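**Q** sequence-free structure coming up:
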């Protein structure tokens, strides 16, 4: 690059946008994530590095609630990730105010992806340094899960992972047999996969933030009860 | 906004020991017309706060949408906090005052009931931004008819029990149906308590017409 | 004019009159008041004809765009939300009574009412327009639960016919629209086919 | 900065590069005859996959104003759209003058939003304009930075130099009738590599009756007997 | 060539001999069609041995029921359906080569040229050419 | 310098930014083919799906812009979706402003004008996605057009875009030079065999997604697995 | 290094460099510690003095009765953040008569500071914030870095040589919930005293204390107010 990798408005000689090619590197460097579409819902999971024990119980959590039934598991530059989560919350609120009911996940993912692409198109603004999964469930549309790269577009995922170790997580994700496994065992298995991914081999101790959406929660994307999912973390440990 | 077309009639509510009960009939008065007889004028603000309104039902629906959206946004953050019914009453008060200042008033008189921190709260806000809290509240002709009974009950009994409170509310609804042109014999009664907000549904009051034989 | 909607099992039936009045002169005696907002969603207009047409066309815009961007037929509730927002934000300028109905696979036959003011309500049956105020008792007394397609069609046709014959601002022909999963079927009742309850007052 | 810019000491380097770009390769000759004006151009589509009745090089801006152009067709589209809007606005303001040739000079002058407000990047197309609503014809050229030139015969292609030389040697002249379109086709022939045909060559004529883009039938008729 | 997806070895074992009994004299073509459906299923599952066995069974049924014409259009359809598996068609041609050499007959010349046309579509050096050489020698 | 860094005219008299943006379409690893026929217009692009954890239901590159116009995108997917959204907005806005549905040529013209505005100025950049849109037009038969990151909107009968677009265009030029009209079987088979000869995988009926617009049947039919499988069986016969 | 020049540009190795430089603005500042308790939040800030004649400057800024902040870094765009937080808390007071919960305020600050990290020509707010608040969930201590990524913390310190204070707080953070007000304040004073070189020592004039509790609204204690806390120092410089 050298000369062409200064602003996103400058195309590469081969026809590439090196600003986003570098923004993807921040996502590749930040801690990983995972989201699996269970048979009747979607289960999230993210390891968060407790950089210092001075911090309280899990804060700046990689999980977010963008709408009543929709959750966002994000990785990458966390401040811009939170700003984008606020953008998604505003988009969901606006859609609910205008068209009523709840925003379908495919349309929400498409709109937030178009907003992210608007931020990577220009020169004055810079591409977002974050990649996130949007997971939701409803009785009508089942469970959906869309993943958005820092510059790419939403894609339907049965199971997806992002962050430091995408391939290592995805191998065991594809090893796992989804589409017939209930969200409970999927919660056990996502923690198992995260613990299989390196946590303290080169880093500090990690916390297990896991999220729910499904008919077992009648929609209503909420963080899994951590007190009762500590045993799921224990099964992951074994 | 400027001239309501479909108006909702009176709503009332009283607080008791450990909870509050409000009641609104299910009639949307298109002037002198009983156009809509199966509409709910009571909204669940959250798990521990209820709200009813009297007046333009379109304005009530707009306020319901906005307030539900802001409650959803508040609960999305997952900070453990919530919009206390006192805060909700203040927010509605400010909204009505801002609309009046902009000279686009919201043709609704609203009663906000809640039970948080183990203490019952029962707010009141009108179109002109006048707000306060009282143990018993009523709107429109309800404040003329049902309110005196509540005041005379509360003067001798500063505190109330839930069963006799809802019986008193039912009697006040009967009185309002008897002597209000815009009233209807189908009212919803919503009770807020420590367990949450429970709405009974299309309750009806029994009418007495023995005095009809006193015409001659 | 009079507009009316009824919801039955698996679809809805809409009936509207063809008269639009200006003062005491008949501007258009064959007015088509059943505007198709989408393939399976229809609109019944009452009041200011220009305002009704503008609101219906803008909502048809937004709803078609929204359906295309979802790759799925829109909900009748979504259309009614669009109408309520459009009417409520501009109620002080726009004075129009709108009856919305249609069929979607999510719920089925649905009917909503958005009169002047901008309020939305879901009803088993909806009635509006200048001539509506004359058939309230009949429509309420002669409506059953679980009525089939033909029963709803005939009952709505009768209600529109009586509203026409009684109200001075209503007349001409009757337009019926049956909306279901199979599609929409629109028919016109004219002249002798109008269900008539003759009033032969004795001399 | 956000206008026509980049003018060093005694030069307009960006404008000169724009003129190097408008050298193009579409000859697009124009001839001002006594009866009217002919704007002929070459449509040499890559392969037979492309279509010739789909896109056009000659555009009627109004009733008797016709337009042909040079390199940077995408810029030319926006320019002709702007020209149509400008002519329509003038006709609306000064209602019903049937304004073509008392407007051809005026529309050429209002081709100042064309370049004098370049838009960061100047337009890369030079366009020839024809009009005949004055009892006399008019052929004007507007370039990526200049203004109306009021030509009598010129070309704006890859071989525009020898095309103009051919025009003057073949004596564009003044007594030439409307059928100087034969000479225009001959001038294209010099800057053409192929057996030119009706779809390969697009020509519009603007006489005192009005402007008309000649259909492939008449273009082939003229190309016959050449 | 391509990885096997769904094997039907149990299905062909339990059904193919029963199909042979049901059409011992080959009067039924529904049996041929249903094994065509089964081998199509195994082909979409990318199984070679099952398809080869089905084709070998089909030609063996045609041998025993001596329908020479129906053999000709049957093998034409088998070789031209989607080209199937190159191993399977090369097999089927091989047992066809083994069969045409034992019955003298008049139209075995037609059988020889039919298989020649089926194999001359290409794939000569690849997937068996000695069969085509032997057929040409047989024609000689 | 910065002649090759910003959207400014080169000293040699060229525009290098759009020249790079066109190669951006080749980047991404995909190809698409569009064939206009006697009465229909069919388009097909490969569906490169890495790993099955993705949803093949939503990985598509073809969309409905309106009830009769269907597009296929080639290039970066984010810009592709942005331009698809813009095209849908333009179609809806045209239907609102003018009663009749937007002709496909006019829609391509508007998209090309937007792209030309993008290559104008310097604050923004061109979108690296080439769009091929087809649709039935009355008094015109089937119509196919291509809008490019530059603003040049054209293309007809047989037109392709993607990495190996040149080979597909050459084969389609051979086919169209062979003077025989394609019915609503020959057009589809021609497109399928073109894309297969470009990329020989024999095209298992799951890795391509074909869109069809006929005249007797309007609308952009995104042909299902069964239809593409039937066409593939008929072709390989 | 080219890629380190501007905030908008992104480094090829990953994260951008201007924000990483922005965190050096808070590193180059006087030390400050802030710790939670079961019922109180206490901030101990080192009031850095220019010269003995001049005052020790102002730290531990006041926001509301239940929220108080401590700045560490670029003082210019720090009173701006103080104004923003005061305005938001007063807006909450005005709209629904309740103290704005600290978590929502911190989220607002993070969102507000995130935009300059992406808008060209806008430097990030290189200010380190130690927000002490008492919402309904007990005391809270939050650290806001110029990278706009806030953190919640049982006890956190920022400033020059603040790593030693961080280590002391971590080693003594187990015995933080069950501490009297004076005990916790003395914990913070020992943590801050361990930051400066051995020549420096705590004085009534060079230290500031911010205490907020359940019944105690936020109060900024200094020399005379600090002396009762400064007693029993257990001085081991």
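**A** Happy to help now that I have it. Residues are numbered from 1 along each chain as shown, chains lettered A, B, ... in the order given.
**Q** which element follows the longest helix belonging to chain C toward the C-terminus?
**A** Longest helix in chain C, counting residues (DSSP state H): helix C:49-70. With elements assigned by DSSP states H and E, the helix or strand that comes after helix C:49-70 is helix C:76-89.
**Q** what comes into contact with that following helix?
**A** A:98-101, B:58, B:61-62, C:37-38, C:41, C:43, C:55, C:58-59, C:62-63, C:66, C:94, C:96, C:98, C:100-104, C:107, C:110-112, C:114, C:116-120, C:122 (CB atoms under 8 Å, 6 or more residues apart in numbering or on different chains). Backbone N, C-alpha and C define where each C-beta goes, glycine included.
**Q** and if you look at stretch B:140-147?
**A** By CB under 8 Å, 6+ apart, stretch B:140-147 touches B:9-12, B:54, B:109, B:136-138, B:172-173, B:175-176, B:179-180, B:182.
**Q** Could you turn the buried ones of those residues into a PyMOL selection?
**A** The buried residues among those can be selected in PyMOL (16 or more other CB atoms under 10 Å in any protein chain shown) with this line:
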select buried, chain B and resi 9+10+11+12+54+109+136+137+138+172+173+175+176+180+182
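**Q** Looking at the contacts of stretch B:140-147, spot the one nearest residue B:72.
**A** residue B:11 (23.9 Å; CB to CB).
**Q** backbone phi and psi for that closest one, please?
**A** phi -140, psi 140 (degrees, to the nearest 10).
**Q** ok, back up a step: so which of the contacts of stretch B:140-147 would you say is closest to chain G?
**A** residue B:137 (18.9 Å; CB to the nearest CB).
**Q** quick one: what helix or strand has that closest one in it?
**A** Element membership for residue B:137 (DSSP H and E) is strand B:136-138.
**Q** Can you list the strands that that strand pairs with?
**A** In the sheet, strand B:136-138 lines up against strand B:11-16 (antiparallel) (DSSP bridges).
**Q** hmm, who's touching the longest helix along chain G?
**A** If you go by DSSP H, chain G has its longest helix at helix G:76-96. Outside of helix G:76-96, the residues within contact range by CB under 8 Å, 6+ apart are B:83, B:86-88, B:90-91, B:94, G:61, G:63-64, G:67, G:69, G:71, G:98-100, G:105, G:108-109, G:112-113, G:123, G:125-127, G:129, G:131.
**Q** tell me which parts of chain B are close to chain C?
**A** B:1-2, B:4-6, B:28, B:30, B:33, B:35-36, B:38-39, B:56-59, B:61-62 (CB under 8 Å from any CB of the partner chain).
**Q** again with chain F
**A** F:64, F:65, F:66, F:85, F:88, F:89, F:91, F:92, F:93, F:95, F:96.
**Q** Spit out the contact partners of the third one.
**A** In this case it means residue F:66. Taking CB under 8 Å, 6+ apart as the criterion, residue F:66 is in contact with C:68, F:88, F:91, F:92, F:95, F:101, F:102, F:135.
**Q** picking up where we left off before, list only buried entries from the contacts of helix G:76-96.
**A** Applying 16+ other CB under 10 Å to the contacts of helix G:76-96 flags B:83, B:86-88, B:90-91, B:94, G:61, G:63-64, G:67, G:69, G:71, G:98-100, G:105, G:108-109, G:112-113, G:123, G:125-127, G:129, G:131 as buried.
**Q** all strands in chain B, in order from the N-terminus.
**A** Shown for chain B, the strands assigned by DSSP state E span residues B:7-8, B:11-16, B:19-25, B:28-29, B:34-36, B:42-46, B:49-56, B:108-116, B:119-125, B:131-133, B:136-138, B:187-193, B:196-199.
**Q** Hey, what's the angle from the second one to strand B:119-125? Just curious.
**A** Going back to what we said before, that points to strand B:11-16. Using axes from the mean of the first three to the mean of the last three CA atoms, to 10 degrees, the inter-axis angle of strand B:11-16 relative to strand B:119-125 is 160 degrees.
**Q** the inter-axis angle of strand B:11-16 versus strand B:42-46?
**A** 50 degrees.
**Q** Give me the residues contacting strand B:11-16.
**A** Residues contacting strand B:11-16 (CB under 8 Å, 6+ apart): B:20-24, B:41-42, B:52-54, B:109, B:111, B:113, B:120-122, B:135-139, B:142, B:146-147, B:150, B:154, B:159-162, B:165, B:168-169, B:172-173, B:176.
**Q** rerun that using 6 Å as the cut-off
**A** B:22-24, B:52, B:54, B:111, B:113, B:120, B:122, B:135-139, B:142, B:146, B:150, B:160, B:162, B:165 (CB atoms under 6 Å, 6 or more residues apart in numbering or on different chains).
**Q** And the contacts of whichever strand or helix holds residue A:231?
**A** Under the criterion of DSSP H and E, residue A:231 resides in helix A:226-237. The contact list for helix A:226-237 (CB under 6 Å, 6+ apart) reads A:187, A:188, A:191, A:192, A:195, A:208, A:210.
**Q** Contacts only, for the second one.
**A** Right, the one you point to is residue A:188. Counting by CB under 6 Å, 6+ apart, residue A:188 makes contact with A:232, A:235.
**Q** Whatever residue of chain C ends up closest to chain D: what's it in contact with?
**A** Nearest residue of chain C to chain D (CB to the nearest CB) works out as residue C:61 at 24.1 Å. By CB under 6 Å, 6+ apart, residue C:61 lies in contact with F:92, F:96.
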